[PDB]
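# sequence, then structure. It's an experimental one.
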Amino acid sequence: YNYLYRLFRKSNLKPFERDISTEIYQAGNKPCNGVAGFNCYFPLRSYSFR
Amino acid sequence: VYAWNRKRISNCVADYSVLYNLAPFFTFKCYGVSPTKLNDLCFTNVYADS
């Protein structure tokens, strides 16, 4: 999974607003703090190299 | 799992944003349609499974 890709983001992005700083989705009162819990996703997944 | 119940939502205005606000309902992301505005957009013949 060396070729990381950002499947999830805050919302749609305008052109040239590329994803450089990873900001995971927040959908709760508390921000996602070090845990990949429910409704909170991380870009760390295999890029289908099989 | 081997015998799903047959029930569908018809002629309803059931809000799905209250489900999104609810803590237990943690899966709301959508691959091909709007994740958070699914309810607002119109649709027909919604089938339910258990």
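Arrived safely, thanks for sending. Residues are numbered from 1 along each chain as shown, chains lettered A, B, ... in the order given.

# state which one residue of chain B is found closest to chain A.
residue B:26 (3.6 Å; Cβ to the nearest Cβ). For the C-beta atoms, the positions are set from N, CA and C on the backbone; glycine is no exception.

# dump the residue contacts of that residue.
A:38-39 (Cβ atoms under 8 Å, 6 or more residues apart in numbering or on different chains).

# the most centrally placed residue in chain B: what's it in contact with?
The centre of chain B sits closest to residue B:16, judged by Cα atoms, centre = their mean, with a distance of 6.6 Å. Listed by Cβ under 8 Å, 6+ apart, the contact set of residue B:16 reads B:38-39.

# part of a strand, is residue B:20?
No - using DSSP: H, G, I helix; E, B strand; the rest coil, the secondary structure at residue B:20 is helix, not a strand.

# tell me how many other residues surround it.
With neighbours defined by other Cβ atoms under 10 Å in any protein chain shown, the count for residue B:20 comes to 16.

# tell me how far it lies from residue A:39.
Counting by Cβ to Cβ, to the nearest Å, the separation of residue B:20 from residue A:39 is 9 Å.

# residue B:30 too?
13 Å.

# neighbours of the closest residue to chain B within chain A, how many?
Here chain A gets closest to chain B at one residue, residue A:38, 3.6 Å apart by Cβ to the nearest Cβ. Around residue A:38 there are 13 other residues, counting by other Cβ under 10 Å.

# same question, the one 10 residues further on
For residue A:48, the count of nearby residues is 7 (other Cβ under 10 Å).

# and what of residue A:35?
Counted with other Cβ under 10 Å, the neighbours of residue A:35 add up to 8.
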